Every structure is written in C-alpha cells, then in structure tokens.
Amino acid sequence: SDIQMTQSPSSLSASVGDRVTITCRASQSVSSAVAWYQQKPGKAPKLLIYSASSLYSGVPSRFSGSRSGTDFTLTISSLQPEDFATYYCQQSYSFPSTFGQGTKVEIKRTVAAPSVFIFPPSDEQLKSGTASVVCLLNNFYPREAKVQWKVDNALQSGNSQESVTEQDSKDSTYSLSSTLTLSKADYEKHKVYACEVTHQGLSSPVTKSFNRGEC
Amino acid sequence: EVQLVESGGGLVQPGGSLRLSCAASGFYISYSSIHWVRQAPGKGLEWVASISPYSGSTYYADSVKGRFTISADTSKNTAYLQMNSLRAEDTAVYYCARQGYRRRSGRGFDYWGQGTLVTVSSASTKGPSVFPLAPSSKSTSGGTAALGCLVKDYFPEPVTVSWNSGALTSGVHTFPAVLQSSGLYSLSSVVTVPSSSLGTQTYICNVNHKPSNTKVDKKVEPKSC
RNA sequence: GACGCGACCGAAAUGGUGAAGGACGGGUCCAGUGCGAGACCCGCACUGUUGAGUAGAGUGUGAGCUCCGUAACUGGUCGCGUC
Ligand SMILES: [Mg+2]
C-alpha cells in the first residue's frame with residue numbers, strides 16, 4: 001500500500017509571536033524519513049527539517065520537528081512576519097514518496113469590513129455578444145465572505161466565479177472579485193443588477209447595484 | 001552557488017508529448033538523486049519521479065507510471081522528464097529537485113528549481129480582450145473610488161498586468177486567473193484611488209500576454225453621465 | 001638393571017567416510033541499520049532473536065566430530081636373548 005501522510009490543520013490563523021504546531025500522521029511506519037518544507041506564493045519550496053527532527057543548515061532554530069511513533073509535528077516557537085506561508089510534510093521512507101496536503105499559516109488581525117464596488121459591462125465587451133458584471137470586495141479580514149448576485153431581485157446560481165488575492169503583506173487583508181457572466185441577449189432583458197455581500201464586519205448585508213443603461 | 005533551472009514547458013494537447021529538462025549548476029548530478037515534483041494551480045505538491053545515482057534506478061508515482069520517463073545526461077549535467085500520453089490533469093508547475101547528501105540532510109530535498117508551467121489542453125493560444133472597469137459616477141465607498149481592467153478570454157497562462165507602466169502600485173489588486181468553462185482564462189486587475197482625482201489623474205492598465213504576441217494598454221476613465 | 005629384537009597398547013599426524021543449521025564457522029543465505037557524494041544495485045562495518053535448507057537454495061577437495069583405516073615417535077606394557 002502506498003503510504004498516506006495526513007496533514008492537519010489545512011489552515012490556521014495566528015498572531016505574530018505565537019507558538020504554532022503542524023501535524024502529519026503516517027499510515028504506516030516511515031521510521032524517521034520525514035522532511036518539512038516551506039513555500040511562499042509563486043516560489044519553490046524550501047527545506048526546513050530533515051530526518052524528522054534535524055534542523056537543515058541555515059534554518060532558524062525557532063523551527064523544530066519531532067517524531068512520536070508515526071505522528072510527526074513541525075513547531076514554530078514564535079512566528080515572525082516572514083514565517084507566514086504554506087508548510088508541507090513528506091515521507092521518503094519508501095517509493096513512491098508522499099507529500100502531505102499542506103497547511104497554510106495566515107496572519108491574525110482585527111476584523112475589517114470590505115468596501116464594495118460593482119462594475120457594469122463595458123460597451124466594448126457588449127459588441128462581442130457577452131456581458132461580464134464584476135463585484136469587488138476590497139481589503140477585508142477575515143477571509144470568510146459571501147457574495148450573492150441578483151438580477152431583478154432573482155438570486156443567481158452557477159453563472160459566477162470568484163477569485164481571492166493572497167493576504168496583503170502590509171495590512172494583512174484579502175480582496176475578492178466575483179464575475180457574473182451573461183449573454184448579451186440575457187443581459188438586455190433585465191434592469192437591476194446587484195451584488196449582495198455579507199461579512200463578519202458588517203452588521204447587515206450591504207448591497208451595491210446599478211440600472212442597465214443609466215450612468 | 002547550487003542552482004536548478006527547468007525548461008521545456010508550454011502548451012500541449014491531450015495525448016501529446018513533451019520533454020522537460022533540468023539543468024544543474026554548482027554540483028554534478030552523478031553524485032545525487034534527482035526528483036521531479038509537480039503542483040497543480042492552487043493545489044499541493046505531488047511527487048512525480050526520481051532517478052538514483054550509481055545504479056540509475058528510476059521510480060515513479062502511480063499516477064504517471066508507464067507514461068513518464070526520467071533520465072540523466074551527465075555530460076550536459078542535465079536531467080530530463082519525458083512525458084507521453086499527457087492528460088488535462090497533468091497541467092501543473094513541474095519542479096526538479098536535488099536530494100541532498102545523506103550525511104548532511106538525510107533524504108531531504110535541499111535545492112529546488114523555480115519550476116516550469118505545463119498546460120495540457122485542447123484550447124488554442126489566444127490573446128485577451130481588455131475591458132475597462134470604470135469608476136462609478138456615484139463617487140465612492142469610503143472617500144475613495146475603484147477602477148480596473150477586465151482581462152478576458154486568453155490562453156494559456158500567464159499574463160502580466162501593471163498600472164501606469166509600474167508607477168502605480170499602492171492599492172493595486174491583480175486577481176489570480178480563473179479557468180472558464182470555455183477553457184479560456186480570465187482575471188481582473190483593480191486599483192483604489194481618491195475620487196477627487198478621477199478627472200485629473202491618468203490611469204492606464206498594461207497587459208502583456210507573451211504566448212500570443214498580445215500587449216495592450218487601456219486608459220480607464222469615467223463615462224457620459 | 002643395561003642394551004638389543006619382537007608383539008600389543010598409546011600417539012603428534014593423516015587417507016577415506018557421513019551426520020549435524022545457525023550455539024563451529026563461513027569470502028553460505030537472509031533481514032535491519034550505518035557509512036562510501038550511494039534509500040535500490042556495488043563495497044565495507046554493525047546488528048539479528050526458529051536470523052535460517054545441514055552438503056546443499058554452494059563450483060567450500062572448510063574447522064570439529066562419527067565410523068573405517070594408516071602412522072612418526074625421541075611413550076607404556078609383556079616376552080625373549082646377552083651380561
Ligand atoms: Mg478575477
């Protein structure tokens with residue numbers, strides 16, 4: 001049987017200076033043949049720990065690993081700003097090698113409500129026969145947020161796609177865009193297009209809308 | 001001084017073939033194990049293949065066995081991944097990595113290349129259309145306005161977006177692309193600015209999609225009413 | 001008692017022989033670990049507990065031992081010969 005490496009949690013939120021622990025649980029003995037890596041967005045992984053508990057040369061000692069039978073943990077004794085990243089365990093006891101699913105370690109800060117903007121489709125795009133309506137949620141925390149599209153007050157489903165940025169290096173917030181896609185024919189048979197946002201930092205849902213053809 | 005550089009990536013259709021190469025410098029591959037590891041967009045690392053020194057033994061992930069072949073040309077100090085019968089699920093950034101010296105770092109992978117993107121799809125190369133996201137005639141949501149550019153229907157990844165040839169960077173958010181059901185990508189780039197300058201300050205998004213020879217600039221302004 | 005001759009015994013050694021399996025070893029087989037720029041292959045080292053088929057998974061005329069012989073001798077015993 002290929003060896004499973006079950007990594008938890010899949011994400012965690014922590015303040016700078018906090019102690020955190022990440023766990024990887026092997027599905028059979030892997031002796032001590034376990035490594036941990038760090039990966040930042042857009043960049044290659046970097047080795048932190050080898051042989052389960054040995055510190056790789058040049059890695060700061062606030063990183064440590066330990067083995068307890070077939071459970072393995074990566075501990076950071078006190079997070080620094082540059083430690084927020086995704087971490088992967090790996091077993092190399094036998095082939096095929098196995099990576100854990102990864103743990104994203106994000107910065108915890110105070111709640112921030114998003115500012116919301118809606119953008120109608122441009123006249124240029126409409127010439128092409130499709131309309132895209134965009135809703136922007138700017139600089140919010142935490143990441144959980146709900147966007148609902150309404151077309152003449154009817155709730156849309158299955159015709160929108162969302163994208164979230166990485167947590168901001170300066171203010172530690174996220175931003176989100178949601179794009180509603182309609183044919184030109186369907187777009188022109190309705191008037192009121194609306195984006196409805198719920199976020200922890202909002203007492204009540206906030207709605208932004210426009211009327212097709214008016215300013 | 002140790003570096004790995006992969007090349008050979010790009011677009012290929014389902015069932016097609018592609019050879020990746022991994023050029024070592026600062027060490028000689030004959031003394032090390034060399035591994036290939038891939039990462040699908042948004043997902044985790046998945047080990048692909050490796051080749052052992054002195055014996056040349058090779059090992060493969062079940063999900064690629066029989067289709068992929070790892071090899072090494074010591075006289076070019078280069079490793080290779082020959083990929084055959086490619087499927088859409090093989091779309092990924094492919095990294096090569098050096099397994100370090102046993103006495104120094106166990107079986108850890110101590111050096112990694114920066115990766116090369118392999119896209120397996122039947123969609124054909126296409127430049128994007130770039131549409132304005134115009135600042136609202138109302139005004140603001142908190143003293144400031146928002147505007148941007150919609151970069152729609154290109155293939156393959158990546159594209160770059162900048163504002164005012166790089167002069168404008170504060171409050172810019174360029175979102176990761178999404179893959180549409182058409183098989184084409186789309187993304188938007190937005191920036192928040194003071195509403196009081198919408199009429200006097202100039203705002204231009206710069207889009208570059210090298211695979212299609214498409215490079216455009218879009219001035220983004222308010223509208224009639 | 002000395003010497004001599006012989007026989008028997010003993011005997012370093014030795015030719016043949018055939019049982020014993022990990023408590024005789026192995027440059028026998030295997031497993032686990034470490035090392036050599038080395039997860040496997042190759043070499044070396046360590047560790048193994050029913051490691052583990054007794055003569056072969058062995059292209060050892062291996063050690064010890066069983067059984068059948070042979071035997072240096074500068075060992076013993078008995079007989080005989082001469083003082
Ligand atoms: Mg987007």
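Order of the sequence lines fixes the chain letters, A, B, ..., with proteins taken first and strands second; residue numbering starts at 1 for each chain. Note that these values count all heavy atoms, side chains included, but never hydrogens, waters or copies made by symmetry.
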Classify the angle between the aromatic ring planes of A/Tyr56 and A/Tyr50 as parallel (below 30°), tilted (30 to 60°) or perpendicular (above 60°). perpendicular

With no hydrogens and no angle check, is any side-chain donor or acceptor of A/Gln156 less than 3.5 Å from a backbone partner on A/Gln148? no

In whole Å, what separates the [atom1] atom of [N] from that of [M]?
N	M	atom1	result
C/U61	C/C29	P	15 Å
C/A19	C/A71	P	28 Å
C/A37	C/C65	P	47 Å
C/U66	C/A12	P	13 Å
C/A63	C/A13	P	13 Å
C/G53	C/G22	P	9 Å
C/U70	C/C30	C1'	43 Å

N-glycosidic conformation, C/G79 - syn within 90 degrees of 0, else anti: anti

Using a 90° cut-off around 0 for syn, call C/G60 syn or anti.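 Syn, angle within 90° of zero.
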
Please determine, by modelled atom types, if [X] and [Y] share a side-chain donor-acceptor pair under 3.5 angstrom.
X	Y	result
A/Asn139	B/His173	yes
B/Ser129	A/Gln125	no
A/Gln161	A/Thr179	no
B/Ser85	B/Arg67	no
B/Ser7	B/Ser21	yes

Test item: A/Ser128 and B/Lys152 side chains (from C-beta on) under 4.5 Å apart, heavy atoms: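 Not touching, per the 4.5 Å side-chain cut-off.
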
Aromatic centroids of B/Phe68 and B/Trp36 separated by under 6.0 Å: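 Between B/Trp36 and B/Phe68, the centre distance exceeds or equals 6.0 Å.
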
Mind telling me if [N] is north or south by its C1'-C2'-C3'-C4' torsion?
N	result
C/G60	south
C/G43	north
C/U50	south
C/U54	south

At under 4.0 Å, does any side-chain N or O of B/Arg103 touch on OP1 or OP2 of C/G36?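 So the side-chain polar atoms of B/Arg103 do come within 4.0 Å of the phosphate oxygens OP1 or OP2 of C/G36, strictly under.
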
Does C/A37 have B/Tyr31 stacked on its base, where the ring centres are within less than 5.5 Å and the planes differ by under 30°?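 Whether judged by distance or by angle, B/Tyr31 passes, so it stacks on the base of C/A37.
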
Treating a pair as Watson-Crick (purine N1 to pyrimidine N3 plus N6-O4 or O6-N4) or G-U wobble (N1-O2 and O6-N3) with both distances under 3.5 Å, list the stems of 3 or more consecutive pairs that involve RNA chain C. C:1-9 with C:75-83, C:13-16 with C:67-70, C:30-36 with C:42-48

Atom pairs, N/O to N/O, protein against nucleotides 39-42 of chain C, distance under 3.5 Å?
unit_1: C/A39; atom_1: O4'; unit_2: B/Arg107; atom_2: NH2; d: 3.0
unit_1: C/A39; atom_1: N7; unit_2: B/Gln99; atom_2: NE2; d: 2.9
unit_1: C/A39; atom_1: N6; unit_2: B/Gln99; atom_2: OE1; d: 3.0
unit_1: C/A39; atom_1: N1; unit_2: A/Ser92; atom_2: O; d: 3.3
unit_1: C/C40; atom_1: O2; unit_2: B/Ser55; atom_2: OG; d: 3.1
unit_1: C/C40; atom_1: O2; unit_2: B/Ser57; atom_2: OG; d: 2.5
unit_1: C/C40; atom_1: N3; unit_2: B/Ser55; atom_2: OG; d: 2.6
unit_1: C/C40; atom_1: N4; unit_2: B/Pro53; atom_2: O; d: 3.0

